[PDB]
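Trainee: Any chance you can model this:
(one chain, ligands or ions: 2)
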Amino acid sequence: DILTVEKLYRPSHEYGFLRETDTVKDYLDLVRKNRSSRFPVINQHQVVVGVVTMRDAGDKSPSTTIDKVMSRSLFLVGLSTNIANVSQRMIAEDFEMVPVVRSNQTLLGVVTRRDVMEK
Ligand SMILES: [Cl-]
Ligand code: NA
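Mentor: Numbering: from 1, shown residues only. Ligands and ions are numbered 1, 2, ... in the order given. You can find the structure just below:
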């Protein structure tokens, strides 16, 4: 198949991302600025270390760091990944967002469910 993640993904500065040393307050502020609620989380090496959702952070202390509330990130894709395979897993496992990473697991951005389903 010719349709890959590269053609559909959203770079991290467009979609949004959090640092593991950011706080729950920073997450709530990003939700209102970006109108999205699920973000990849990176460490100081730019490596994806988790994902943060409203289920993870909504009821937490605003002062708490993201590394202490974030969820595990197991589904990761690359630029060459087939969109058909991504859609199959997003449907079967009910994902809204999947982080896009380089071979060294550093963050490039995300693919969203609406973009995958519409294309
Ligand atoms: Cl998700
Ligand atoms: Na947005």
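Trainee: which SS class is residue 45?
Mentor: Classification of residue 45 using DSSP: H, G, I helix; E, B strand; the rest coil returns coil.
Trainee: Which residues are in contact with the most centrally placed residue in the chain?
Mentor: In the chain, the C-alpha closest to the average C-alpha coordinate belongs to residue 40, at a distance of 3.4 Å (Cα atoms, centre = their mean). Listed by Cβ atoms under 8 Å, 6 or more residues apart in numbering, the contact partners of residue 40 are 12, 17, 18, 48, 50, 51, 73, 97, 99, 107, 110. In this view, the C-beta of every residue, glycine as well, is placed from N, C-alpha and C.
Trainee: Quick check: the gap between it and residue 84.
Mentor: Distance of residue 40 to residue 84, given as Cβ to Cβ, to the nearest Å: 22 Å.
Trainee: same check, this time on residue 56
Mentor: Going from residue 56 to residue 84 by Cβ to Cβ gives 29 Å.
Trainee: By neighbour count, which bits of stretch 64-83 are buried? Give me those.
Mentor: Going by neighbour count (16 or more other Cβ atoms under 10 Å), the buried part of stretch 64-83 is 65, 66, 67, 69, 70, 73, 77, 81, 83.
Trainee: quick one: the strands in this protein?
Mentor: Along the chain, the segments classed as strands by DSSP state E run 10-11, 18-19, 39-42, 48-52, 97-101, 107-112.
Trainee: hmm, back to that, residue 56 and residue 84: which has the busier surroundings?
Mentor: Under the criterion of other Cβ atoms under 10 Å, the comparison of residue 56 against residue 84 puts residue 56 first, with 20 against 11.
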